[PDB]
Each structure stands twice: as structure tokens, then as C-alpha cells.
């Protein structure tokens, strides 16, 4: 059983590596790293609800929109964390690139991200990314609220 867990972890790590280094036109095929019913998404948004895409083929359809809205996106400063679960990885990284959201001025977006990858049968069953939406607001020219600090010492 330990041999099976070790083998799963090693293979899954290669998939995480491949995902994190998928750039440019290869983004059109990144969905093939998911199970048929795999889910990917952004878990931190202005609404408090995730923007999640469910199903490998729907993830592939979304990559068209991803490549339009973030045409040169790269992940950088990538640190991959294996865990005691051979099917669960975390990644700390940054990401950056142009942001071209319809109805907003073209901007430059940079942020810090955490990703969660859960695997089933050697492919990604659930990917989730987490960031501070305030930095995306800034990239879109959206005013960020400020918490008044007068009575809040650090």
C-alpha cells in the first residue's frame, strides 16, 4: 500500500508541475490533465462564491476565454508542496500578465496565489486557486475599499 501511495504521489507531482508550467497555446489542452468530471476554479472573488467550471470538456471550452482575458499569463515563483495524502498537493506561487476583461481598460495584473490540486486515478479531480481579489480590482482600475486603521494597532 505504501508502494502504491509513493507511486501515486510521484506521478501526481509531475501533473502538478505540468499544469503550473502550461503557457501559451498549450493552455488550450490543459483540461486534459483533469478527470472527465474534474472541476477547476477561482475560489476567491468579489461575491464570496467560487467561479468554478465543472467537467473536463467545459474546462476546455473555458480555456478559449482564459486565453482572451489573460493572453500572456505565467505562473512564477512556483513552490510545490506534497502532503501526507498522495492525491493532494498545494502550490504557492505568483502569477502575472495582461488582463483584458471586457468593458475594462487593458491592464497589468500581478498577484500571489495558492493552488490546491486533488487527484483521482492519476488526473486532477479538483483544482482551486485562492488569491486576494483586491489586487485584481487594482489591475482593472476598480477602487479598493480601505479599512480605517485609527483604532487598529499593529
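Numbering follows the first chain given and starts at 1.
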For the stretches 97-105 and 119-127, which has the higher mean C-alpha B-factor as given in the deposited record? 97-105
When mean C-alpha B-factors in the record are compared for 11-19 and 139-147, the larger belongs to 139-147
Options 64, 33, 91, 52 - largest CA temperature factor per the record: 64
In terms of recorded Cα temperature factor, pick the maximum from 42, 39, 69, 114. 69
